[PDB]
Amino acid sequence: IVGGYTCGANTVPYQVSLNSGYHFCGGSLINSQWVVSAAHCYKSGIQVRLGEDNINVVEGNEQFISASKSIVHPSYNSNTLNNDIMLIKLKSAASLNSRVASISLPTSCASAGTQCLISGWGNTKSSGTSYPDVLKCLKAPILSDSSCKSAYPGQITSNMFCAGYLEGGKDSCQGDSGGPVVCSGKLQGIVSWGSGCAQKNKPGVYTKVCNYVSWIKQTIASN
Ligand SMILES: NC(=[NH2+])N1CCCCC1
Ligand SMILES: [Ca+2]
C-alpha cells in the first residue's frame, strides 16, 4: 500500500497472509474454512496465516493453517486478468474471535463514489521498494466505470472496477494482490492489477466480487 496508514494490530480481522515460506499475497476469510484471493496468486503449498499484524514476529494471535484445496475460477484468463478470483479451503476450521473474523459477501454491487478500505503488506513505494512488516490500510473511493475505462482503454471488463485517486500518490501495490476491498462492511473487491503503483491517471483495478457470489456459494456448498 502506497500512501496509506498503519492499520493497528488485528483491526482488519478478515485479512489473511498467504505464505509459501514467505508472504506472497493477501486474501480474505469468508467463513471459518474458506479464503478468497486472486487467481494470479495461485501456487501449490499454501499456508494461510490468520490473526497477523507483524508477519515477521509471533505476537500471539496468529493461526497458521495449511490449504487442503485451491479452486481457480473456471474462466480465469491470465493474459487479461479477467475473472481474477480463487477460493482456498483450509485443512481445519479457524477459531473465530474478535481478532480473527470473517467478512460478509455482498448482496448488491457497490456504486461509484462509495468509500472502501484496502489493506495489505505490499510495497509502500511507487519508485523503489520498501516492504512493511505490519499491515497497512488505505481508504479510497470506487471510481466511475467511465473514468476507469478512460484510464485503461480496451482493458476493463464487467468483472473489474477501479478504485483510488486519479491524481496518484495512494494505491495498492506489489504484495497486496489478493487482498480485500471492503465497503460498508462487505467484501466488494480483490486487489488485482494496475500499471505501476500510485501513478497519475492509473488507478488500481479490482475484481468485482458481487459478480461471483453465486459461484462462491455453490462451490463452498459442494467442496
Ligand atoms: N493497484 C495496483 N497498482 N496494483 C495492484 C497490485 C499489483 C501491482 C499493481
Ligand atoms: Ca505475526
# chains A, B, ... in the order shown; residues from 1 in each chain; ligands from 1

$ residues_near_ligand --ligand "ligand 2" --cutoff "12 Å" --atoms "only C-alpha atoms and all ligand atoms" --output "PyMOL selection string"
chain A and resi 9-10+16-17+19+23+49-64+121+133-135

$ write_last_selection --atoms "C-alpha atoms" --output "PDB file, in the first residue's frame"
ATOM      1  CA  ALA A   9      -2.907  -4.790  15.165  1.00  0.00           C
ATOM      2  CA  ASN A  10      -5.885  -7.001  14.350  1.00  0.00           C
ATOM      3  CA  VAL A  16      -5.026 -13.158   5.751  1.00  0.00           C
ATOM      4  CA  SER A  17      -1.459 -13.590   4.547  1.00  0.00           C
ATOM      5  CA  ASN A  19       2.661 -17.902   2.884  1.00  0.00           C
ATOM      6  CA  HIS A  23       4.354 -13.727   2.390  1.00  0.00           C
ATOM      7  CA  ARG A  49      -1.833 -17.106   8.200  1.00  0.00           C
ATOM      8  CA  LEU A  50      -4.695 -15.558  10.173  1.00  0.00           C
ATOM      9  CA  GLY A  51      -4.527 -13.066  13.020  1.00  0.00           C
ATOM     10  CA  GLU A  52      -1.347 -11.419  11.725  1.00  0.00           C
ATOM     11  CA  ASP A  53      -0.044  -7.929  12.267  1.00  0.00           C
ATOM     12  CA  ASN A  54       3.752  -8.137  12.077  1.00  0.00           C
ATOM     13  CA  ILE A  55       4.370 -11.002   9.620  1.00  0.00           C
ATOM     14  CA  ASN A  56       7.954 -11.473  10.905  1.00  0.00           C
ATOM     15  CA  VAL A  57       7.211 -11.721  14.662  1.00  0.00           C
ATOM     16  CA  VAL A  58       4.963 -14.150  16.551  1.00  0.00           C
ATOM     17  CA  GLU A  59       2.765 -11.786  18.572  1.00  0.00           C
ATOM     18  CA  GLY A  60       0.254 -14.277  19.977  1.00  0.00           C
ATOM     19  CA  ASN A  61      -2.982 -14.029  17.947  1.00  0.00           C
ATOM     20  CA  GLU A  62      -1.881 -15.988  14.882  1.00  0.00           C
ATOM     21  CA  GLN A  63      -3.426 -19.136  13.483  1.00  0.00           C
ATOM     22  CA  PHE A  64      -1.413 -20.969  10.810  1.00  0.00           C
ATOM     23  CA  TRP A 121       1.601  -5.982   3.396  1.00  0.00           C
ATOM     24  CA  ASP A 133       6.217  -5.821   8.281  1.00  0.00           C
ATOM     25  CA  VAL A 134       2.913  -4.571   9.716  1.00  0.00           C
ATOM     26  CA  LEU A 135      -0.443  -4.260   7.982  1.00  0.00           C
TER      27      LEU A 135
END

$ closest_atom_pairs --of "chain A" --to "ligand 1" --cutoff "8 Å" --atoms "only C-alpha atoms and all ligand atoms" --output "tab-separated table"
residue	atom	partner	partner_atom_place_in_ligand_line	distance
A:171	CA	ligand 1	1 (N)	5.4
A:172	CA	ligand 1	1 (N)	4.1
A:173	CA	ligand 1	8 (C)	4.1
A:174	CA	ligand 1	7 (C)	4.2
A:175	CA	ligand 1	7 (C)	6.7
A:176	CA	ligand 1	6 (C)	5.6
A:177	CA	ligand 1	6 (C)	4.8
A:191	CA	ligand 1	5 (C)	5.7
A:192	CA	ligand 1	5 (C)	5.2
A:193	CA	ligand 1	5 (C)	3.9
A:194	CA	ligand 1	3 (N)	3.9
A:195	CA	ligand 1	3 (N)	5.5
A:196	CA	ligand 1	3 (N)	5.2
A:197	CA	ligand 1	3 (N)	3.9
A:198	CA	ligand 1	3 (N)	6.1
A:199	CA	ligand 1	3 (N)	7.8
A:202	CA	ligand 1	3 (N)	7.4
A:203	CA	ligand 1	3 (N)	6.4
A:204	CA	ligand 1	1 (N)	3.5
A:205	CA	ligand 1	1 (N)	6.0
A:206	CA	ligand 1	1 (N)	7.8

$ write_last_selection --atoms "N, CA, C and O atoms" --output "JSON list (two decimals), in the first residue's frame"
[["chain", "number", "residue", "atom", "x", "y", "z"],
["A", 171, "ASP", "N", -2.39, 4.08, -3.47],
["A", 171, "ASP", "CA", -2.80, 2.91, -4.25],
["A", 171, "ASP", "C", -2.38, 1.65, -3.51],
["A", 171, "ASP", "O", -1.57, 1.70, -2.59],
["A", 172, "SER", "N", -2.89, 0.52, -3.97],
["A", 172, "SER", "CA", -2.30, -0.75, -3.60],
["A", 172, "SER", "C", -1.09, -1.01, -4.52],
["A", 172, "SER", "O", -0.88, -0.31, -5.51],
["A", 173, "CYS", "N", -0.29, -2.02, -4.16],
["A", 173, "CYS", "CA", 0.98, -2.24, -4.86],
["A", 173, "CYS", "C", 1.38, -3.72, -4.75],
["A", 173, "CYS", "O", 0.65, -4.56, -4.24],
["A", 174, "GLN", "N", 2.56, -4.05, -5.29],
["A", 174, "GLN", "CA", 3.03, -5.43, -5.32],
["A", 174, "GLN", "C", 3.03, -6.01, -3.92],
["A", 174, "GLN", "O", 3.51, -5.38, -2.98],
["A", 175, "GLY", "N", 2.51, -7.22, -3.78],
["A", 175, "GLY", "CA", 2.40, -7.87, -2.48],
["A", 175, "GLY", "C", 1.05, -7.66, -1.80],
["A", 175, "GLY", "O", 0.75, -8.36, -0.84],
["A", 176, "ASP", "N", 0.25, -6.72, -2.29],
["A", 176, "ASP", "CA", -1.12, -6.53, -1.82],
["A", 176, "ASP", "C", -2.12, -7.41, -2.57],
["A", 176, "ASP", "O", -3.26, -7.55, -2.12],
["A", 177, "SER", "N", -1.72, -7.96, -3.71],
["A", 177, "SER", "CA", -2.59, -8.76, -4.57],
["A", 177, "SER", "C", -3.31, -9.81, -3.76],
["A", 177, "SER", "O", -2.75, -10.46, -2.88],
["A", 191, "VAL", "N", -7.77, -7.15, -4.68],
["A", 191, "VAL", "CA", -6.65, -6.46, -5.32],
["A", 191, "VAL", "C", -6.14, -7.31, -6.49],
["A", 191, "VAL", "O", -5.73, -8.45, -6.30],
["A", 192, "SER", "N", -6.18, -6.74, -7.70],
["A", 192, "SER", "CA", -5.90, -7.50, -8.92],
["A", 192, "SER", "C", -4.73, -6.93, -9.72],
["A", 192, "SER", "O", -3.71, -7.61, -9.83],
["A", 193, "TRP", "N", -4.84, -5.74, -10.31],
["A", 193, "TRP", "CA", -3.79, -5.27, -11.20],
["A", 193, "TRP", "C", -3.80, -3.75, -11.28],
["A", 193, "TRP", "O", -4.63, -3.07, -10.72],
["A", 194, "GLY", "N", -2.80, -3.23, -11.98],
["A", 194, "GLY", "CA", -2.68, -1.80, -12.24],
["A", 194, "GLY", "C", -1.40, -1.60, -13.03],
["A", 194, "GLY", "O", -0.64, -2.53, -13.23],
["A", 195, "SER", "N", -1.11, -0.39, -13.41],
["A", 195, "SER", "CA", 0.12, -0.07, -14.12],
["A", 195, "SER", "C", 1.05, 0.67, -13.16],
["A", 195, "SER", "O", 0.80, 1.83, -12.82],
["A", 196, "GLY", "N", 2.11, 0.00, -12.70],
["A", 196, "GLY", "CA", 2.91, 0.56, -11.63],
["A", 196, "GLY", "C", 2.08, 0.64, -10.36],
["A", 196, "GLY", "O", 1.14, -0.12, -10.18],
["A", 197, "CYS", "N", 2.44, 1.56, -9.47],
["A", 197, "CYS", "CA", 1.66, 1.84, -8.27],
["A", 197, "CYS", "C", 1.57, 3.33, -8.07],
["A", 197, "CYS", "O", 2.59, 4.03, -8.12],
["A", 198, "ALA", "N", 0.37, 3.81, -7.79],
["A", 198, "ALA", "CA", 0.17, 5.19, -7.37],
["A", 198, "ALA", "C", 0.55, 6.21, -8.43],
["A", 198, "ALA", "O", 0.82, 7.37, -8.09],
["A", 199, "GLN", "N", 0.50, 5.83, -9.69],
["A", 199, "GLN", "CA", 0.82, 6.75, -10.78],
["A", 199, "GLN", "C", -0.41, 7.57, -11.16],
["A", 199, "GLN", "O", -1.55, 7.11, -11.06],
["A", 202, "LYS", "N", -3.65, 6.31, -13.38],
["A", 202, "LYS", "CA", -3.55, 4.85, -13.43],
["A", 202, "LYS", "C", -3.98, 4.27, -12.09],
["A", 202, "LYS", "O", -3.16, 3.79, -11.30],
["A", 203, "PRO", "N", -5.28, 4.29, -11.81],
["A", 203, "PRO", "CA", -5.76, 3.78, -10.52],
["A", 203, "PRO", "C", -5.66, 2.27, -10.47],
["A", 203, "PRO", "O", -5.46, 1.58, -11.46],
["A", 204, "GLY", "N", -5.84, 1.73, -9.28],
["A", 204, "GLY", "CA", -5.87, 0.29, -9.13],
["A", 204, "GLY", "C", -7.13, -0.31, -9.72],
["A", 204, "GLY", "O", -8.20, 0.30, -9.73],
["A", 205, "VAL", "N", -6.98, -1.56, -10.18],
["A", 205, "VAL", "CA", -8.07, -2.33, -10.76],
["A", 205, "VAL", "C", -8.31, -3.57, -9.88],
["A", 205, "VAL", "O", -7.37, -4.25, -9.46],
["A", 206, "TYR", "N", -9.58, -3.81, -9.60],
["A", 206, "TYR", "CA", -10.01, -4.77, -8.60],
["A", 206, "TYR", "C", -11.05, -5.72, -9.19],
["A", 206, "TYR", "O", -11.91, -5.31, -9.97]]

$ residues_around --residues "residue 143 of chain A" --least-positions-apart "2" --cutoff "7 Å" --atoms "only C-alpha atoms" --output "number ranges by chain"
A: 112-113, 141, 145, 147-148, 162-163

$ write_last_selection --atoms "N, CA, C and O atoms" --output "mmCIF file, in the first residue's frame"
data_model
loop_
_atom_site.group_PDB
_atom_site.id
_atom_site.type_symbol
_atom_site.label_atom_id
_atom_site.label_comp_id
_atom_site.auth_asym_id
_atom_site.auth_seq_id
_atom_site.Cartn_x
_atom_site.Cartn_y
_atom_site.Cartn_z
ATOM 1 N N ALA A 112 -20.116 3.613 -7.750
ATOM 2 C CA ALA A 112 -19.051 4.597 -7.784
ATOM 3 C C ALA A 112 -19.328 5.682 -6.752
ATOM 4 O O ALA A 112 -20.471 6.089 -6.550
ATOM 5 N N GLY A 113 -18.268 6.121 -6.072
ATOM 6 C CA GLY A 113 -18.344 7.108 -5.024
ATOM 7 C C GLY A 113 -18.346 6.523 -3.629
ATOM 8 O O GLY A 113 -18.123 7.251 -2.666
ATOM 9 N N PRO A 141 -12.107 5.686 -2.746
ATOM 10 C CA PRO A 141 -13.415 5.528 -3.371
ATOM 11 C C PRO A 141 -13.365 4.659 -4.618
ATOM 12 O O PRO A 141 -12.374 4.614 -5.344
ATOM 13 N N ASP A 145 -17.207 3.824 -13.859
ATOM 14 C CA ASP A 145 -16.762 2.937 -14.926
ATOM 15 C C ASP A 145 -16.204 3.739 -16.097
ATOM 16 O O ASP A 145 -15.228 3.331 -16.719
ATOM 17 N N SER A 147 -14.561 6.628 -15.965
ATOM 18 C CA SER A 147 -13.196 7.058 -15.669
ATOM 19 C C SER A 147 -12.230 5.874 -15.709
ATOM 20 O O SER A 147 -11.083 6.014 -16.140
ATOM 21 N N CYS A 148 -12.679 4.703 -15.263
ATOM 22 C CA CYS A 148 -11.846 3.510 -15.267
ATOM 23 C C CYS A 148 -11.482 3.102 -16.696
ATOM 24 O O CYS A 148 -10.323 2.837 -17.007
ATOM 25 N N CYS A 162 -12.365 0.120 -10.909
ATOM 26 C CA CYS A 162 -11.231 0.910 -10.465
ATOM 27 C C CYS A 162 -11.560 1.563 -9.127
ATOM 28 O O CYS A 162 -12.693 1.970 -8.879
ATOM 29 N N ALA A 163 -10.540 1.717 -8.293
ATOM 30 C CA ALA A 163 -10.679 2.450 -7.044
ATOM 31 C C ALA A 163 -9.366 3.164 -6.781
ATOM 32 O O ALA A 163 -8.304 2.668 -7.153
#

$ residues_around --residues "segment 29-46 of chain A" --least-positions-apart "2" --cutoff "6 Å" --atoms "only C-alpha atoms" --output "PyMOL selection string"
chain A and resi 14+19-20+27+67+72+84-90+93-94+102-103+178

$ closest_residue --among "A:140, A:209, A:183, A:216" --to "residue 158 of chain A" --atoms "only C-alpha atoms"
A:209

$ atom_distance --atom1 "atom CA of residue 3 of chain A" --atom2 "atom CA of residue 168 of chain A"
9.4 Å

$ closest_residue --among "A:214, A:119, A:75, A:201" --to "residue 179 of chain A" --atoms "only C-alpha atoms"
A:119

$ atom_distance --atom1 "atom CA of residue 116 of chain A" --atom2 "atom CA of residue 142 of chain A"
7.3 Å

$ residues_around --residues "residue 182 of chain A" --least-positions-apart "6" --cutoff "7 Å" --atoms "only C-alpha atoms" --output "list in words"
residues 116, 117, 118, 188 and 189 of chain A

$ residues_around --residues "residue 187 of chain A" --least-positions-apart "6" --cutoff "7 Å" --atoms "only C-alpha atoms" --output "list in words"
residues 103, 104, 105, 106, 180 and 181 of chain A

$ atom_distance --atom1 "atom CA of residue 24 of chain A" --atom2 "atom CA of residue 212 of chain A"
23.5 Å

$ closest_residue --among "A:222, A:1, A:160, A:149" --to "residue 126 of chain A" --atoms "only C-alpha atoms"
A:1

$ select_by_dssp --residues "segment 37-220 of chain A" --states "strand (DSSP E)" --output "VMD selection string"
chain A and resid 37 47 to 50 63 to 72 86 to 90 115 to 120 136 to 141 160 to 163 180 to 183 186 to 193 204 to 208

$ write_last_selection --atoms "N, CA and C atoms" --output "short mmCIF file (atom, residue, chain, number, x, y, z; two decimals), in the first residue's frame"
data_model
loop_
_atom_site.label_atom_id
_atom_site.label_comp_id
_atom_site.auth_asym_id
_atom_site.auth_seq_id
_atom_site.Cartn_x
_atom_site.Cartn_y
_atom_site.Cartn_z
N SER A 37 -9.11 -15.14 -2.64
CA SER A 37 -7.93 -14.40 -3.06
C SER A 37 -8.00 -14.21 -4.57
N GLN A 47 0.27 -22.01 2.95
CA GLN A 47 -0.16 -21.93 4.34
C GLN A 47 -0.89 -20.59 4.51
N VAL A 48 -2.07 -20.63 5.08
CA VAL A 48 -2.84 -19.42 5.36
C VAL A 48 -2.52 -18.96 6.77
N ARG A 49 -2.19 -17.68 6.91
CA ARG A 49 -1.83 -17.11 8.20
C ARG A 49 -2.88 -16.06 8.57
N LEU A 50 -3.61 -16.36 9.64
CA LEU A 50 -4.70 -15.56 10.17
C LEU A 50 -4.20 -14.84 11.42
N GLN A 63 -3.06 -17.76 13.79
CA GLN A 63 -3.43 -19.14 13.48
C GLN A 63 -2.83 -19.46 12.12
N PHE A 64 -2.07 -20.54 12.04
CA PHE A 64 -1.41 -20.97 10.81
C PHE A 64 -2.07 -22.28 10.38
N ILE A 65 -2.71 -22.28 9.20
CA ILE A 65 -3.48 -23.44 8.76
C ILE A 65 -3.16 -23.69 7.29
N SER A 66 -2.77 -24.92 6.95
CA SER A 66 -2.48 -25.25 5.57
C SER A 66 -3.75 -25.34 4.73
N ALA A 67 -3.60 -25.04 3.44
CA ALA A 67 -4.67 -25.25 2.48
C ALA A 67 -4.81 -26.73 2.14
N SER A 68 -6.05 -27.17 2.00
CA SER A 68 -6.33 -28.52 1.52
C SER A 68 -6.69 -28.56 0.04
N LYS A 69 -7.23 -27.48 -0.50
CA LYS A 69 -7.70 -27.43 -1.87
C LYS A 69 -7.72 -25.97 -2.31
N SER A 70 -7.33 -25.72 -3.55
CA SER A 70 -7.47 -24.41 -4.16
C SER A 70 -8.29 -24.57 -5.43
N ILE A 71 -9.15 -23.60 -5.70
CA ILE A 71 -10.03 -23.61 -6.85
C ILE A 71 -9.93 -22.25 -7.54
N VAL A 72 -9.25 -22.22 -8.68
CA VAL A 72 -9.20 -21.03 -9.53
C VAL A 72 -10.49 -20.96 -10.32
N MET A 86 -9.96 -16.70 -6.82
CA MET A 86 -9.81 -18.10 -6.45
C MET A 86 -10.30 -18.29 -5.03
N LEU A 87 -10.64 -19.53 -4.73
CA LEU A 87 -11.05 -19.96 -3.40
C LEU A 87 -10.03 -20.95 -2.85
N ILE A 88 -9.76 -20.86 -1.55
CA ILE A 88 -8.84 -21.74 -0.85
C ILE A 88 -9.59 -22.32 0.34
N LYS A 89 -9.62 -23.65 0.44
CA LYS A 89 -10.19 -24.33 1.59
C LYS A 89 -9.09 -24.66 2.59
N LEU A 90 -9.35 -24.38 3.85
CA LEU A 90 -8.42 -24.69 4.92
C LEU A 90 -8.57 -26.15 5.36
N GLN A 115 -16.94 4.77 -0.43
CA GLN A 115 -15.62 4.70 0.18
C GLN A 115 -15.38 3.29 0.70
N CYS A 116 -14.17 2.79 0.45
CA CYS A 116 -13.80 1.45 0.83
C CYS A 116 -12.45 1.45 1.55
N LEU A 117 -12.16 0.33 2.21
CA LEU A 117 -10.91 0.10 2.92
C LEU A 117 -10.14 -1.01 2.20
N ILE A 118 -8.91 -0.71 1.83
CA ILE A 118 -7.99 -1.64 1.16
C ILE A 118 -6.82 -1.86 2.10
N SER A 119 -6.33 -3.09 2.22
CA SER A 119 -5.29 -3.38 3.19
C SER A 119 -4.31 -4.41 2.64
N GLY A 120 -3.08 -4.37 3.17
CA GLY A 120 -2.09 -5.37 2.79
C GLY A 120 -0.70 -5.05 3.29
N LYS A 136 -0.82 -2.40 6.47
CA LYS A 136 -1.14 -1.04 6.06
C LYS A 136 -2.55 -0.99 5.47
N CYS A 137 -3.15 0.19 5.59
CA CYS A 137 -4.54 0.46 5.25
C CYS A 137 -4.63 1.70 4.37
N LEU A 138 -5.67 1.73 3.54
CA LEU A 138 -5.93 2.86 2.67
C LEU A 138 -7.44 2.99 2.49
N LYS A 139 -7.96 4.19 2.69
CA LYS A 139 -9.34 4.48 2.36
C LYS A 139 -9.37 5.09 0.97
N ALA A 140 -10.23 4.56 0.10
CA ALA A 140 -10.28 5.01 -1.28
C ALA A 140 -11.67 4.82 -1.84
N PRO A 141 -12.11 5.69 -2.75
CA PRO A 141 -13.41 5.53 -3.37
C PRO A 141 -13.37 4.66 -4.62
N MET A 160 -14.49 -6.07 -13.42
CA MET A 160 -13.45 -5.23 -12.83
C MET A 160 -14.04 -3.88 -12.45
N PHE A 161 -13.46 -3.26 -11.44
CA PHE A 161 -13.71 -1.85 -11.17
C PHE A 161 -12.40 -1.20 -10.76
N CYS A 162 -12.36 0.12 -10.91
CA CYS A 162 -11.23 0.91 -10.47
C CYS A 162 -11.56 1.56 -9.13
N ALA A 163 -10.54 1.72 -8.29
CA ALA A 163 -10.68 2.45 -7.04
C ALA A 163 -9.37 3.16 -6.78
N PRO A 180 -8.26 -7.68 0.37
CA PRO A 180 -9.64 -7.20 0.38
C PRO A 180 -9.79 -5.73 0.04
N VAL A 181 -10.95 -5.45 -0.56
CA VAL A 181 -11.54 -4.12 -0.68
C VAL A 181 -12.91 -4.23 -0.03
N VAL A 182 -13.08 -3.59 1.13
CA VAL A 182 -14.30 -3.72 1.93
C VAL A 182 -15.01 -2.38 1.96
N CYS A 183 -16.30 -2.40 1.66
CA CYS A 183 -17.10 -1.18 1.57
C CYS A 183 -18.38 -1.46 2.34
N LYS A 186 -18.87 -5.06 3.66
CA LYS A 186 -18.97 -6.20 2.75
C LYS A 186 -17.74 -6.24 1.86
N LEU A 187 -17.35 -7.45 1.47
CA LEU A 187 -16.24 -7.64 0.54
C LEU A 187 -16.69 -7.33 -0.88
N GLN A 188 -16.25 -6.21 -1.44
CA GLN A 188 -16.63 -5.82 -2.79
C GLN A 188 -15.52 -6.04 -3.81
N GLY A 189 -14.26 -6.09 -3.40
CA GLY A 189 -13.18 -6.22 -4.37
C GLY A 189 -12.05 -7.08 -3.87
N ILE A 190 -11.23 -7.49 -4.84
CA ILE A 190 -9.98 -8.21 -4.62
C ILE A 190 -8.89 -7.43 -5.36
N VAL A 191 -7.77 -7.15 -4.68
CA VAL A 191 -6.65 -6.46 -5.32
C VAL A 191 -6.14 -7.31 -6.49
N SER A 192 -6.18 -6.74 -7.70
CA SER A 192 -5.90 -7.50 -8.92
C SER A 192 -4.73 -6.93 -9.72
N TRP A 193 -4.84 -5.74 -10.31
CA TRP A 193 -3.79 -5.27 -11.20
C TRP A 193 -3.80 -3.75 -11.28
N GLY A 204 -5.84 1.73 -9.28
CA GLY A 204 -5.87 0.29 -9.13
C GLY A 204 -7.13 -0.31 -9.72
N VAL A 205 -6.98 -1.56 -10.18
CA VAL A 205 -8.07 -2.33 -10.76
C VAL A 205 -8.31 -3.57 -9.88
N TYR A 206 -9.58 -3.81 -9.60
CA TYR A 206 -10.01 -4.77 -8.60
C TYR A 206 -11.05 -5.72 -9.19
N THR A 207 -10.99 -6.97 -8.77
CA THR A 207 -12.01 -7.95 -9.19
C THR A 207 -13.34 -7.60 -8.51
N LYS A 208 -14.42 -7.59 -9.29
CA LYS A 208 -15.74 -7.17 -8.83
C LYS A 208 -16.47 -8.37 -8.20
#

$ decode --residues "segment 157-177 of chain A" --atoms "C-alpha atoms" --output "mmCIF file, in the first residue's frame"
data_model
loop_
_atom_site.group_PDB
_atom_site.id
_atom_site.type_symbol
_atom_site.label_atom_id
_atom_site.label_comp_id
_atom_site.auth_asym_id
_atom_site.auth_seq_id
_atom_site.Cartn_x
_atom_site.Cartn_y
_atom_site.Cartn_z
ATOM 1 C CA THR A 157 -14.272 -5.892 -18.341
ATOM 2 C CA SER A 158 -17.601 -6.036 -16.498
ATOM 3 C CA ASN A 159 -15.783 -8.092 -13.829
ATOM 4 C CA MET A 160 -13.455 -5.234 -12.828
ATOM 5 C CA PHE A 161 -13.707 -1.852 -11.166
ATOM 6 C CA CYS A 162 -11.231 0.910 -10.465
ATOM 7 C CA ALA A 163 -10.679 2.450 -7.044
ATOM 8 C CA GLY A 164 -8.266 5.083 -5.828
ATOM 9 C CA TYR A 165 -7.178 8.522 -6.889
ATOM 10 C CA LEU A 166 -6.578 9.779 -10.412
ATOM 11 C CA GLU A 167 -4.116 12.335 -9.053
ATOM 12 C CA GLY A 168 -1.853 9.477 -7.911
ATOM 13 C CA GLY A 169 0.020 9.019 -4.654
ATOM 14 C CA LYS A 170 -2.280 6.475 -2.970
ATOM 15 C CA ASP A 171 -2.801 2.914 -4.253
ATOM 16 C CA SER A 172 -2.300 -0.755 -3.603
ATOM 17 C CA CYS A 173 0.976 -2.244 -4.859
ATOM 18 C CA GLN A 174 3.029 -5.427 -5.319
ATOM 19 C CA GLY A 175 2.398 -7.871 -2.484
ATOM 20 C CA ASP A 176 -1.120 -6.525 -1.824
ATOM 21 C CA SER A 177 -2.590 -8.757 -4.566
#
